[PDB]
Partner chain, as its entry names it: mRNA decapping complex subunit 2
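In structure tokens, one chain follows: the form deposited without its partner chain.
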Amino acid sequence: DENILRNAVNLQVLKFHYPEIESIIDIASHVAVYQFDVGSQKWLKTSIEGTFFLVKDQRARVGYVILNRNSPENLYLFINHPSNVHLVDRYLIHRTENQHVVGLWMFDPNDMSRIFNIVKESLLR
């Protein structure tokens, strides 16, 4: 099975960058990252675009890695509270703090809705 090999390989790539990552929860292929400017009231498209990995670290904290295929700089963020993630229109809006907002666009809308649910269920106690 192709997925067994893919997941094993991907986990080693993730662990090379972030040794504290314990497992991959789910994946989405073509994700683009946007950042919200607070004072300007405007969105900015970042240089980060690639494969999205929803992950768990050694302390079961939930987060995500975007492996940037364009440039070597990747992104690893935690999802600290389920209420910090909102499915707004075609985007996942992740607000870790009032002034610190990121937006994720996934090519496949089915990935966006599945990932939203998996985020919530991964944080469910």
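Positions refer to the first chain, counted from 1.
If you look for the form solved in complex with its partner chain, you will not find it shown, but the lines that follow are about it.
> At 4.5 Å by heavy atoms, is each residue in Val13, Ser29 and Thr51 next to its partner chain in the deposited complex?
All of them do, each having a heavy atom within 4.5 Å of the partner.
> Test of understanding: in the deposited complex, would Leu67 fall inside 4.5 Å of its partner chain by heavy atoms?
Contact with its partner chain, yes.
> Using heavy atoms and a 4.5 Å limit, would one call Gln58 a contact residue for its partner chain in the deposited complex?
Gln58: no, not in contact with its partner chain in the deposited complex.
> Verify the contact flag for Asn74: yes if a non-hydrogen atom of it lies within 4.5 Å of a non-hydrogen atom of its partner chain in the deposited complex, no if not.
Yes, contact at 4.5 Å.
> Determine the residues of 85-118 with a heavy atom within 4.5 Å of its partner chain in the deposited complex and present them in sequence order; the list may be empty.
Read in sequence order, the lone residue that approaches its partner chain (within 4.5 Å, in the deposited complex) is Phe107.
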